[PDB]
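Enquirer: An experimental structure, sequence included, is below.
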Amino acid sequence: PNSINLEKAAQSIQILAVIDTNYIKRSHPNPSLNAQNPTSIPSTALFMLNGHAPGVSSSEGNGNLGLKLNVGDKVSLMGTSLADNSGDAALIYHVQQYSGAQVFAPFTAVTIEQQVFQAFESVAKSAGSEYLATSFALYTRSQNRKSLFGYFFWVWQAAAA
Amino acid sequence: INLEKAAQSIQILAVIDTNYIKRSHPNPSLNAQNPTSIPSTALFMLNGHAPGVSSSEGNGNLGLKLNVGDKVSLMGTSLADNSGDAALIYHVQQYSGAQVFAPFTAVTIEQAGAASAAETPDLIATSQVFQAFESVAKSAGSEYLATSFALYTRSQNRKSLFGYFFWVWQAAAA
Amino acid sequence: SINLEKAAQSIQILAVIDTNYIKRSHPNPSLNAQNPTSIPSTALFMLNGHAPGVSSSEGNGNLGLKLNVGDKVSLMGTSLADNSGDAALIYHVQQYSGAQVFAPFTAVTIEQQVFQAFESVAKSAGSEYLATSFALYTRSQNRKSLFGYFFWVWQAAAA
Amino acid sequence: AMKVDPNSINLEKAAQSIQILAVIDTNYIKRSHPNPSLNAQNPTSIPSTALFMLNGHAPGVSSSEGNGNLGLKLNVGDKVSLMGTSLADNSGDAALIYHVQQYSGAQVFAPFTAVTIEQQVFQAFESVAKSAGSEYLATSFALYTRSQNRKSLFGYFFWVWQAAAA
Amino acid sequence: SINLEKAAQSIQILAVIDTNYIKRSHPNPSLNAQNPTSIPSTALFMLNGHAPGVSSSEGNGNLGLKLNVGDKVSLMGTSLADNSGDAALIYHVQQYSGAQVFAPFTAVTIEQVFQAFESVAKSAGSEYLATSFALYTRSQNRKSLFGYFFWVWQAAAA
Amino acid sequence: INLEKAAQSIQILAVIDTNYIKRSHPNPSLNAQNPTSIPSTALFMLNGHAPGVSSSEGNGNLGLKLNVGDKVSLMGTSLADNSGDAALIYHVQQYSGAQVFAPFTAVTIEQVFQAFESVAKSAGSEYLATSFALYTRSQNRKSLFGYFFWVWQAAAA
């Protein structure tokens, strides 16, 4: 009973934010064109997903995520549209603390080329609850050419133990 | 990056299945200082959306998560919107946990007069005084709140006390 | 042979509308009641009382109501602040898709302050999507003003 | 007291184009299905818990958002367009759909058509909900791994999801 | 020409009944097994194992099972303390509303003695099923009838 | 004003999909001191309703929120109620977070069952690991398939 050992390792968790760009376009017709002042959108406009691991849980689907993980766990966030950034493109450019404890280290952008991808990576360094704000640019495409629609952010919630 | 974080004002509605209560609690307390416990299964709680605010929409427990600073305003009604049986909140208090919310304040709201005829479909039938219970999140952590309400039944164009009841719900602030 | 005593249920349905969300996302809506503005089910919440053989996705704007053939329903609508500031008032319910599970809805007035409910009975088996139209008023200086006319589409099935 | 005619409330119902994204937890599949099929006409079954499905909102459209089974409810006349990706958006491992077919129930959907979308090349699998009823669909996909930047086929898999139209 | 090798699935379903909630909310229940007292689906949870083309609302007392025509089901019931204290024992399953998706159920005895209620989805459509059970309380190393109850749950086959 | 708040006794049932485990983890630990990790996806956790208690009913992770002072009693079983294959909990211990719960005690209930009981004695959030043995029904005998653990989440206020 005091001889049961449990292998306990740091997890590496992939998170994908899936954004309903059509919905956003419809509900925010005149958004910010300043990336330093992004337009707040509600969490109803997107979906967040993550892979399972021991000690990790979430409200899968919810744009809020409600992630609970272990101190020590690494996270990697990417964003895309419902058509996987094939038409409109939703492209995250920053992740920052919004409320609560500094659970996560400052996020680092990492590029992955081949199509260029970008993930935003951190580690749960402290126990607590934290709300994160993630900013993204939304582009449309017309003559097979991207054009900026606006800059937006949403807030999501995480906790580590 | 400027996010312009500001204190939100969240409206919360508790919708109580009064028929269910009356069937499951046929002999409840008639002393308002000693309300009858009901499960959160007997009601539903809803709240409006805001950045950094989430909940278990529909569940009587709510599971509200919001920002220190956010204001909340709580009202209660029945599944028939207090048109027959009425469920009327008279108190909110801390049940467990940190005092995340300030003690609540009852505020009286007078319903507006009607819109002009040009603005009202004839298809609509439309005096009420309402009460809401306001607070603000002021400390980080987790709190369980007890909300006590009077259940009145409609007898013949007249209300009669059925009983006093309370449920517990859960909230947290960051 | 066991006797369950199945009989018709009477289900109360409450639609709770996030009027502040609507006003923000549909700033120039329809002012024609014969032509309401579509809103997504994310902008409201639907609730119903429990009963034998009735289920739903409680709190979802779509409801996904599953009930018995023979069951009565009574629908009402209000805002998150219980129509005390902004007000959301149902004025019509109609078939949008699917089978004619429900009889045509009929408005009922309920006296003292004045309320209205929209009632029907599930007379056939199958799946039906229903559109509910409502007027949204804002309140300014103890007076109401029309903001716009909207509709949402919800889903129901009877067995 | 403005007259509203209850018999001409017009909702302007139109067919919706629903975009659906399947997000596959490829790391889970590799661990839990270490000996998959390498024959694409005989893909290996995976549980709907291995993946998430998401769809855009529209009137009369609903789903269990996030769930791999979807439980999609839509209008007869609507068009679905399905794409597939991993949790890392196919940047490392990649999950690529190659077929969608009827698995059980009514023929709600016409046979799906693969459509190319260009200016990376992207493919979506599209169909119109042509009849009322309930159908379960099987979607087959290839999972390719990258180890040390070497891309190879890991296996062919399929999951089943559910949809209904009225 | 893709072969899915579709096969009939055998789904295990477990109904877990919150017997304390029931006892406190139904002080005078039916004592006649032919007239069981209806309980709300909020009073229990239903669980099932996963399989291709099988889904449910996992944990909800109504279940919302969607399965394939040809799939078999086996239902068992137990309390939150696995029938070690209060016991919930199913004794019948029957059609409440809807189509005859499932054949009449067969009680099967398993050996320390359990009973399962088995059937097969023989027809496409939507069915509501009523499951009746006996709730017994544990007194002093002794079990006594508290009452007879049923709940209604929902299933569909395609 | 007076709510007569009472300490609650919460029964928790873990229902393990033994067929899923067998398929997913064909070569598990045969050493009970060193159980094999499984995803909370392979099981379901449920608990009784009570004031101040909530959970994500069904999820293998539970996400239980209860009150300091509340007792928990945990039992485990298969989707066939341990009538064929059997899943039998033999240990519960802290995995992560605050020590919200006292050490768990096994209690025998008399055909013979075992429960694992604790009380929430401090406020905070704790992850717990629960270990169990999975046995398969040979004919009318039991054979050991493997030892496993899953991780679930609880919080007290």
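Expert: Cool, the structure landed. Residues are numbered from 1 along each chain as shown, chains lettered A, B, ... in the order given.
Enquirer: Could you pull up the residues touching the residue of chain A found nearest chain E?
Expert: Closest residue of chain A to chain E, Cβ to the nearest Cβ: residue A:60 (12.7 Å). In short, each C-beta sits where N, CA and C put it, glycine included. Residues in contact with residue A:60 (Cβ atoms under 8 Å, 6 or more residues apart in numbering or on different chains) are A:49-50, D:52, D:66-67.
Enquirer: Swap in 6 Å and give it another go.
Expert: For residue A:60, the contact set (Cβ atoms under 6 Å, 6 or more residues apart in numbering or on different chains) comprises A:49, D:66.
Enquirer: Who is the residue in chain A that chain B sits nearest to paired with across the strands?
Expert: Nearest residue of chain A to chain B: residue A:100, at 3.2 Å (Cβ to the nearest Cβ). Assessed by DSSP bridges, residue A:100 has beta-bridge partners residue A:130.
Enquirer: likewise the one 4 residues further on?
Expert: According to DSSP bridges, the partner residues bridging residue A:104 are residue A:124.
Enquirer: So it sits against residue A:121, correct?
Expert: No - in this structure residue A:104 lies outside contact range of residue A:121 using Cβ atoms under 6 Å: 9.8 Å.
Enquirer: Neighbour count: the two, which is higher?
Expert: A count of neighbours by other Cβ atoms under 10 Å in any protein chain shown puts residue A:104 above the other of residue A:104 and residue A:121, at 23 against 17.
Enquirer: what's the distance between that one and chain C?
Expert: 28 Å (Cβ to the nearest Cβ, to the nearest Å).
Enquirer: again with residue A:34
Expert: Between residue A:34 and chain C the distance is 20 Å, computed by Cβ to the nearest Cβ.
Enquirer: do residue A:16 as well
Expert: Counting by Cβ to the nearest Cβ, the gap from residue A:16 to chain C is 20 Å.
Enquirer: Show me what from chain A comes close to chain F.
Expert: For chain A, the residues in contact with chain F (Cβ under 6 Å from any Cβ of the partner chain) are A:3-6, A:52, A:54-55, A:57, A:68, A:70, A:161.
Enquirer: out of those residues, which is most surrounded?
Expert: Among the residues of chain A next to chain F, residue A:55 has the most neighbours (other Cβ under 10 Å), with 27 neighbours.
Enquirer: How about the residue of chain A found nearest chain F: what's its closest non-neighbour residue?
Expert: The nearest approach of chain A to chain F comes at residue A:161, 3.4 Å away (Cβ to the nearest Cβ). Spatial nearest neighbour of residue A:161, excluding adjacent residues (Cβ to Cβ, 6 or more residues apart in numbering or on different chains): residue F:97 at 3.4 Å.
Enquirer: Run through the bridge partners of residue A:151.
Expert: Here residue A:151, judged by DSSP bridges, has bridge partners residue A:32, residue A:137.
Enquirer: And residue A:116, by the same measure?
Expert: Under the criterion used (DSSP bridges), residue A:116 bridges to residue A:113.
Enquirer: Can you give me the neighbour number for it?
Expert: By other Cβ under 10 Å, 10 other residues sit near residue A:116.
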